[PDB]
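Please treat every number below as a calculation from the coordinates, not as lab data. Here Cβ is always computed from backbone atoms with ideal geometry, including for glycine, and neighbour counts include all displayed protein chains.
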Amino acid sequence: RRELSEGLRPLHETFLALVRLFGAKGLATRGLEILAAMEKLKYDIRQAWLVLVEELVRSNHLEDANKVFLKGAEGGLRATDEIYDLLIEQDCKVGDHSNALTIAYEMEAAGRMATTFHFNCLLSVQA
Amino acid sequence: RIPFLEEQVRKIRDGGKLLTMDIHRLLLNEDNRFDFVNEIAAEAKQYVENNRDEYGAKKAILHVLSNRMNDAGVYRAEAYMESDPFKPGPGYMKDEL
Amino acid sequence: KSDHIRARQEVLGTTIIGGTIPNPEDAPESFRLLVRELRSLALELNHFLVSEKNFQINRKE
Amino acid sequence: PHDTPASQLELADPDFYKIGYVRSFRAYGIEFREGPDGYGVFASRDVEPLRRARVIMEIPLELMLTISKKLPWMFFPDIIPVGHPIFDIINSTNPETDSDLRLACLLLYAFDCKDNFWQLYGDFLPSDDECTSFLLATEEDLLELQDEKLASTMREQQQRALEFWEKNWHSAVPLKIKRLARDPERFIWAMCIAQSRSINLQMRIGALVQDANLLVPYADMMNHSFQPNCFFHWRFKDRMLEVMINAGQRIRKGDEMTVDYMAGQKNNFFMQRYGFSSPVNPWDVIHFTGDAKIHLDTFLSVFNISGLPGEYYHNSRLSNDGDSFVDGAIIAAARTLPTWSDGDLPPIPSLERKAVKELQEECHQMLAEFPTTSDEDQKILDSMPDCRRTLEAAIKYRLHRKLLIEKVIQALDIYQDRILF
Amino acid sequence: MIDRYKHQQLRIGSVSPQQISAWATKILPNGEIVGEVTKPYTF
């Protein structure tokens, strides 16, 4: 806030560190506020959103990471294959088949097809 | 250029065969025609939900097809709707045999 | 256009206003009749659609 | 008369479009203009950002030469009759490594085959003098390249071409084969045309979906760019290859339509296959053995580079004009420069200054390694207005590499300056 | 290419008298049970 009141646009590294700290603690809503602040400042929010969802998965906040990923996918952003695999595997291990199937549908819509790994993860819950 | 092909092209444009040609051209760029039909239906539903009063004498499906044709480099009238300039007056309608 | 009383009632309103006609999800009166008849014959019939998302069974009446 | 890249060139012959037109080739919104470098495709209409792609070219399959990639050699433009020994020559090749030989043989037979579109299209093809490929190059050009690896590879490819011609086109060969390539220079030119104008696309004809190497007319007249405006899509129903403008991009009258070959390759592969080099190549790699490491995040920040390491672009929206120093050269630098990233640890100015000074020393060493300078290369280039295309390509490659090293030095200096704000 | 999974299963079987009773049994506000037909009169 002091840097912003100073009239200087904050660096991308500062916002990235703030997003990482919010993901480590678990404050997904403040992370989305930071992402919107980055977007209104014309910064690209793909890498920051990926770091946010990765930290939320690591911080055991699976549902928050899932809804943040769904919001990002609805926005139009794309995700890396590792994020897809991590989200699907964690959702299937927890037992949430709905979010896993939704992430798989979003992945197939984004152009990446599904392999035997995702289907086995889904069948782990379907059985 | 054939010399005596004015009336034929005029009748092709007036009758509505342009719609059939555009449908064939848009189906020549689609694997499954059923998904194309569903996509056109969804786009027309969005157009109707956006502006209800706009339609009623202008077809949203024809509007979608005309927008898709215009975005492809081919000029088409909006929703393939044309008026007869030679109409005699109000309340007078042509008889198409 | 044939049997769905509610949908048919809504069709006139949607056409007069100009809104899009939603796809009916309830069973027609012909199916409901069958169920009633078969259950008069002591035979049950339930739709029982299952959601692929959360694996839950939902009865349609 | 507004100055446009198309206006400087001259319009092409009407016949060039006509031969395709009578055979169903169709072009919408584009003009063909000839020049000193060669034919090129330019726009003739203002196109606003579109929701979907627009088709500028429709090229039928009956005007193309296509060979399948895998072992079953299927010629869907089946101009080779059964039992012809040209198929025996084509099949007697390794399936994986050598594909230009089969395309060259097919092009030669198409030139021989009557009532074929390529018989008329070959006149507009670049001649041996107009061709810029390094297969049609002397030893002087390979020596002027100043790169031993690339010169050795090109010499080995020329040797392979000569050996293949001497093996397949022997004296006892039938006359129908001998009339194809009577001299080895014709076969070398055929291989040059095949290599410099090959397209690798997946096509579907009927029920079969396969990947193949095709020689498509009117699609090889588009120049190369790393920010393409068009791409080669395939239409299976009409069995035509269509060039479509990228969606969401604004094209104005006079712009040059461009397509990308080998997205993600260094200038070595470009200079090897197409005989071309670009100073703004974002995939160039400069081998630095210095122990020093620059900070990647601060570098991309000071140079306003956004995106993942697999997709880098200059965010000119944050750029607010001004900085135009940023281009593909600095992107390739950031990709090749040794970088360190350790969580969120902030960079130290003294360590980064030592790193950039060591990098500048190593870059000055590498620049001194070449027995020439940028000014000397530019003077040699302007001194020879008309000369061999291969020598011009060689000196341009040298100048591009030297300018890349110089721009890396300048970018390191700008980083050292701007890091302390 | 994950398909859109639609799962609908109609089921038929013999019904217990308890279910055919619960199809008609209703509890009025006073507390009586309705549903039993006992008189042949229609109108």
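The residues A:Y43, D:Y21, when put in order of fewest to most other Cβ atoms within 10 Å, stand as D:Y21, A:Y43. Label point of A:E39 set 7 angstrom out along Cα-Cβ; within segment A:75-102, amide nitrogens under 16 Å from it belong to A:75-79.
Using C-alpha pairs under 8 Å with a sequence gap of at least 6, the mean separation divided by the residue count of chain C gives a relative contact order of 23 percent. Each of D:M257, D:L208, D:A181 was scored by the projection of its Cα onto the charge dipole of segment D:124-273, and the greatest displacement toward the positive side belongs to D:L208; charges sit on the C-beta of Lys, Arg, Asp and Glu.
A simple spin-label model places pseudo-atoms 7 Å from Cα toward Cβ; at B:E78 and A:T80 they are separated by 4.8 nm.
Among D:285-295, D:131-141, A:1-11, how do they line up by average Cβ neighbours within 10 Å per residue, starting with the highest?
D:131-141, D:285-295, A:1-11
The mean number of partner chain beta-carbon atoms within 10 angstrom of a residue's beta-carbon across peptide D:213-222 is 0.
Using the Cβ-Cβ distance between C:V50 and A:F119 with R0 set to 25 Å, the FRET efficiency works out to roughly 0.85. Ranking of A:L56, A:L77 by neighbouring Cβ atoms within 10 Å, starting from the fewest: A:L77, A:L56. Per-residue shielding of C:52-59, expressed as the average number of other chain Cβ atoms within 10 Å of the residue Cβ, stands at 3.
Each label point was placed 7 Å from the Cα along the Cα-to-Cβ direction; for D:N223 and D:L420 their separation is 4.2 nm.
Once the Cα-Cα distance is subtracted from the 0.36 nm per residue extended length, the D:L208 to D:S350 segment shows a gain of 44.9 nm.
In chain C, the longest principal axis of the Cα atoms and the axis of helix C:29-40 are about 20 degrees apart.
For chain D, what is the mean residue ellipticity at 222 nm derived from helices alone (per DSSP H run of n ≥ 4: -39500 (n - 2.57); sum divided by total residues; nearest 500 deg cm²/dmol)? After summing the helix terms and dividing by residue count, I get -12000 deg cm²/dmol. To the nearest ten degrees, helix B:60-70 and the longest principal axis of the Cα atoms of chain B are 90 degrees apart. Peptide D:339-352 has a mean of 1 when you count, residue by residue, the C-beta atoms of other protein chains within 10 Å of its C-beta.
Can you give me the angle between helix A:12-25 and the longest principal axis of chain A, using Cα atoms only, in degrees from 0 to 90, rounded to the nearest 10? The helix A:12-25 is inclined about 50 degrees to chain A. Place a label point 7 angstrom from the Cα of D:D123 along the Cα-to-Cβ direction, then list the residues of segment D:6-27 whose backbone nitrogen is under 16 Å away. In segment D:6-27, the label zone of D:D123 (backbone N under 16 Å from the point 7 Å along Cα→Cβ) covers D:12-23. Label sites at B:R52 and D:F370, each approximated as a point 7 angstrom past Cα along Cα to Cβ, lie 7.0 nm apart.
For an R0 of 41 angstrom, estimate the FRET efficiency from the Cβ-Cβ distance between A:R112 and D:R179 and round to the nearest 0.05.
0.20
Putting +1 on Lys and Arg Cβ atoms and -1 on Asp and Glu Cβ atoms, find which of A:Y43, A:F22, A:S5 reaches farthest to the positive end of the dipole of segment A:1-63. The Cα lying farthest towards the positive end belongs to A:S5. Going by neighbour counts of Cβ atoms within 10 Å, the residues C:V50, E:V37 line up, fewest first, as E:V37, C:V50.
Kindly point out, ordered by number, any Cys in the protein assembly as shown whose beta-carbon has no other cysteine beta-carbon under 4.7 Å away. Those would be D:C105, D:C113, D:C131, D:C192, D:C230, D:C363, D:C387, since no other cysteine Cβ in the protein assembly as shown comes under 4.7 Å of theirs. Rounded to the nearest 20, the Cβ-based charge dipole of the protein assembly as shown about its Cα centre (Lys and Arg +1, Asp and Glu -1) stands at 2760 debye.
Please give the contour-minus-distance gain from D:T289 to D:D115: 0.36 nm per residue of separation, less the Cα-Cα distance, rounded to one decimal in nm. Don't skip to the end; give the middle numbers.
Numbers: separation 174, 0.36 × 174 = 62.64 nm, distance 5.87 nm.
Extra length available between D:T289 and D:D115 comes to 56.8 nm.
Of the peptides D:397-410, D:307-320, the ranking by mean beta-carbon count within 10 Å, highest at the top, reads D:397-410, D:307-320. Using the Cβ-Cβ distance between D:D321 and D:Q249 with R0 set to 22 Å, the FRET efficiency from 1/(1 + (r/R0)^6) comes to roughly 0.65. In this structure, the residue pairs whose Cα-Cα separation is over 25 Å, taken from D:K167/D:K266; B:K94/C:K1; D:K149/D:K266, are D:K167/D:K266; B:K94/C:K1.
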